[PDB]
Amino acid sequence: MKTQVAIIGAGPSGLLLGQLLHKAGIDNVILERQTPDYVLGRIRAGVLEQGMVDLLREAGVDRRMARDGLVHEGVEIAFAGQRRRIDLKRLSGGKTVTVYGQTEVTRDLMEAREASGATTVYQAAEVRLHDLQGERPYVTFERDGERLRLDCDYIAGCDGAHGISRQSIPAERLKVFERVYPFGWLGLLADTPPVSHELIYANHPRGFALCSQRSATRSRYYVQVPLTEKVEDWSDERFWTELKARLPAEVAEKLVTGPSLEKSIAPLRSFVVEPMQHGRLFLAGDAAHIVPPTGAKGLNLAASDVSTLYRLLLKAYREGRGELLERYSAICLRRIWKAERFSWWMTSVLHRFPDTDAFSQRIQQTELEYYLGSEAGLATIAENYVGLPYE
């Protein structure tokens, strides 16, 4: 079989790229290791930047989002017995963020693709990439037990943190930047109404806590935990008790608790590779970079990588300007590093780090006091949170 663009991975990045390309008339095939069900079981993201929202509209998949998504104009940070609201809309010059689950976004994309008739191969096992620096690269995979070959012009590596694509680039060509944090987030999804109409990020001596939501009757909570913790050691009641201990009394008092629909621990880390391409292979999303969840940027950065790749692929196919593809990495990395810096900052000021001295603890507290009390300081948080413009 042959196609124009082979896409490895049917997560948000691959699906969104596939939809945009299909609409523009560029044939593409998506190869996914897992089943549609497994992919749909991943909870993950809840916060979307306006840029991503606009990209979903451009891809023609925003009906349900426009209907069910919750537009947020502010967010709160709680620390040292204070609750500060950052008016995102006012301080960012009118921008806002939208709360709509990643599960929902993926479901919408999957249905759109399904309907268009575009090719998607689930349970594509043993994916291998070949002749990346040739004029004719190809992908091999096994379906049932037979090895099939897919010829194409370009390959988009949208296979996430553990994908094969990044591993297919000669190690000596890539420079890696990584930072592993000494804690993870224990998340809990409950069919309960959220404690607040806006998100609450809390810095507490016991550790970080976050109050988020999916809708008016579905909530998502997180608490910072050591990497040595096992989700089996955390019953629902232990979670609720701990959550309450980290929130302001007035907030903890209004909390409606309930059995969890999903519980899991996500370790925190930063990871960037340079460049993000090799020959005819281009990396996008988590395959190229990981950001801690604190700044709500992961999926959002996948969106800008995809928007950039789609636009450059259009110029190459439609305008015959293939040389522009060499600019992919430079363009993406400018936005990536800025979102990485923001996510790193948010993580450092909101969490409790082990073995930090008195001086560091006071500086952490003063960072919050300063940034949440100065108009210029609040503006730096707001413009970064709603999302820096796409280039």
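We number the residues from 1 along the sequence you see.
Visitor: Between 225-233 and 182-190, which has the higher average C-alpha B-factor in the PDB entry?
Guide: Averaged over C-alpha atoms, the B-factors run higher in 225-233.
Visitor: Comparing 199-207 with 125-133, which has the greater mean CA B-factor as deposited?
Guide: It is 125-133.
Visitor: For the C-alpha B-factor as written in the entry, point me to the maximum among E146, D108, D159, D153.
Guide: That would be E146, according to the entry.
Visitor: Which one of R335, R341, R63, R362 shows the biggest C-alpha B-factor in the PDB entry?
Guide: Out of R335, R341, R63, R362, the record gives the largest C-alpha B-factor to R63.
Visitor: Taking only the Cα B-factors deposited for this chain, tell me whether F271 sits in the lowest, middle or highest third.
Guide: CA B-factor rank for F271: lowest third.
Visitor: Can you tell me which third, lowest, middle or highest, the CA B-factor of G46 falls into for its chain?
Guide: Ranked within chain, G46 CA B lands in the lowest tercile.
Visitor: Taking the C-alpha B-factors as the PDB entry records them, is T356 in the lowest, middle or highest third of its chain?
Guide: For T356, the deposited C-alpha B-factor lands in the highest third.
Visitor: According to the PDB entry, is the CA B factor of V386 in the bottom, middle or top third of its chain, that is, lowest, middle or highest?
Guide: CA B-factor rank for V386: middle third.
Visitor: According to the PDB entry, is the CA B factor of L314 in the bottom, middle or top third of its chain, that is, lowest, middle or highest?
Guide: Answer is highest: the recorded C-alpha B-factor places it there.
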